[PDB]
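Note that the protein sequences, when read in sequence, are chains A and B. Going by this note's numbering, the first sequence opens with residue 311, and the numbers climb by one from there. Going by this note's numbering, the second sequence opens with residue 4, and the numbers climb by one from there. The C-beta atom is built at its ideal place from N, Cα and C for all residues, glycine as well.
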Amino acid sequence: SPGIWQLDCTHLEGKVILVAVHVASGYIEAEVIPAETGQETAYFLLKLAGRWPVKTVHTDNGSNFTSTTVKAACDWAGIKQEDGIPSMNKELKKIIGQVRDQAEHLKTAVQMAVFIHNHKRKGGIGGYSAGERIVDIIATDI
Amino acid sequence: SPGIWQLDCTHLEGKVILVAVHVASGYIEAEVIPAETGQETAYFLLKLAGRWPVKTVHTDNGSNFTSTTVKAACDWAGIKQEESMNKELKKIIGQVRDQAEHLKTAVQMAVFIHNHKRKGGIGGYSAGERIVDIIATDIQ
Ligand SMILES: O=C(O)c1cc(F)cc2c1OCOC2
């Protein structure tokens, strides 16, 4: 449960957003990238894995993820790929829409949407944000 | 304090590596940027704050930091403005540099290596363990 991420892509304004979701908490990492190439995907994963302890990624089995470039990055990071193995994503497009007019460029609106997402309290004033849940799940001591 | 980071640039192959160190843990976040512009800095600070609860960042004197874009980004994210971990990271990028085509790749490998690495004996901890433990403890 703590090491499992789901990667998905979304296409917005003719641009591609790569989204990684930490399945257990709802916490997200996201980046606008040039196009869905093996090198861009490898580089996103290497960055994700250097920040969070990533054991397994579930992917949509796109051509970017069957490349040897991505397989190699995953081997180097000790990440197991599960390609093709099983709509928050809609609310991210929503959030991006509600910050869009404070930033000139899509990439800035994406990072603002990431911030709002990971800070939002889910389940009422009684609840926890994704950012709070992920550290809770992942922490090894107290 | 759980909320305190320090940011530093190191120049290399005619680009800039922007480094933020979570002071209490030694955990590191880093990026290779074209130059130390206010726009790059502000974008970097916004990414950091969307991922970790940043309360305060300590920085050098530079013009990037008092830029209008950086003040807007700080104000929005709720961030208040104002080394051996760095010496270590520069050492690691050196030791991996040749394993990779682009600098940005060598830098991300060094960060992975740095944040995963256990310090001390059988009962020690990595920086990525310490940051998560400090924050989780603060929440409780
Ligand atoms: O909602 C929060 O305050 C929070 C707490 C964390 F420990 C870690 C993160 C948090 O949100 C920002 O993203 C990461």
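Residues of chain B with a Cβ closer than 8 angstroms to the Cβ of A:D446 are, in chain order, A139, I142.
Separation of A:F375 and B:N64 (C-alpha to C-alpha, rounded to the nearest whole angstrom) is 43 angstroms. Listed along chain B, the residues sitting closer than 8 angstroms to A:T418 by beta-carbon distance are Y46, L49. A:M422 reaches chain B at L49, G53, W79, counting residues in chain order whose Cβ is nearer than 8 angstroms. Between A:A440 and A:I338, the CB-CB gap stays under 9 angstroms.
Chain-ordered, the chain B residues with CB closer than 9 angstroms to the CB of A:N428 read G53, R54. Runs of the alpha helix (DSSP H) lying entirely within the region 13-87 of chain B and spanning at least 4 residues, in chain order: 41-54, 71-80.
Contact check for B:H117 against B:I137 fails: the beta carbons are separated by 9 angstroms or more.
For a Cβ distance threshold of 8 angstroms, residue set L356, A359, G360, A387 of chain A lies close to B:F115, ordered along the chain. Contacts with chain A (Cβ-Cβ distance below 8 angstroms) from the region 15-34 of chain B involve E32, listed in chain order. At least one heavy atom of ligand 1 falls within 8 angstroms of the beta-carbon of A:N428. In this structure, B:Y30 has its beta carbon at no less than 8 angstroms from each heavy atom of ligand 1. Exclusion of A:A387 from the 8 angstroms shell around ligand 1 follows from its C-beta lying no nearer than that to any non-hydrogen atom of the ligand. In the three-state reduction of the DSSP assignment, A:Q408 falls in the helix class. Checking the DSSP bridge columns, you'll see A:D318 partnered with A:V329. Counting along the chain, A:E442 sits inside the alpha helix (DSSP H) bounded by residues 440-448. No Cβ-Cβ contact shorter than 9 angstroms links B:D11 with B:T59.
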